[PDB]
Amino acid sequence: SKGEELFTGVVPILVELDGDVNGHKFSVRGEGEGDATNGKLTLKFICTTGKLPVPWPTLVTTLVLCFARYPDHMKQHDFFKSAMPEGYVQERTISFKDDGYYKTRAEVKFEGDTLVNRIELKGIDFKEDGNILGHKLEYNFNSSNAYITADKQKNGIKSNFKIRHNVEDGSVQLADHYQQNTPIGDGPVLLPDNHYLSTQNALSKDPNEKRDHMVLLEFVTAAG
């Protein structure tokens, strides 16, 4: 595949999410850009249905791993770009310890020159006064590492990894992630040896933005 050639320079990104957590419905729209040569993502997300009913940090992993920096000698293990432009499906189960869980299904693909991530999310079994629906998580985010493995029978990849969310009382909220990715097209894709993606994260706010929102900077680097 020549999918990697689609990512030179700085590529525009559109993210669309529709969610339902314990019957609280919401939508999020995000826009920004990705620089895969440097593994750098910059995006701003808005809640288009008023107040987001969950904490912004809990949606970071759901809201484009094709922008990871794969070093030149690991180029043969970059499944995510190889599936482009037709793209891939990305599915997760995210289990919050002592609380509920998210189920997500997304399609990541090019629409013209824009890389688009379109997601449906359903949240189940949350406590109304827990850390999520009670908005008890700090507005920040930790660095993390995720182990990527091949799923040869599905012509895709899978991953299990942990995310830790700081809580306002000084405790930590664990979010266990299960992930599977499968290509949308029927063309050839790259199936990788096992390796790591390393993510660095910085969350902020736009001082002139009245809407409920999240500004995100990310660096993502492959290093098996």
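All residue numbers refer to positions in the sequence shown, first residue = 1.
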Using what the record says, work out whether there is a hole in the model between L63 and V64 and how many deposited residues it spans (none, 1 to 3, 4 to 9, 10 or more).
1 to 3
Higher average CA B factor in the deposited record is what I'm after, so tell me if that's 148-156 or 105-113.
148-156
Mean temperature factor over C-alpha atoms, higher-scoring stretch between 192-200 and 169-177
192-200
Highest Cα B-factor in the PDB entry belongs to which of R92, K136, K122, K97?
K97
What third of the chain, by the recorded C-alpha B-factor, contains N38?
highest
Could you look up the Cα B-factor of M84 in the entry and say which third of the chain it sits in: lowest, middle or highest?
middle
How does the C-alpha B factor of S143 compare with the rest of the chain: lowest, middle or highest third?
highest
Chain third (lowest, middle, highest) by recorded CA B-factor, residue given as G187
highest
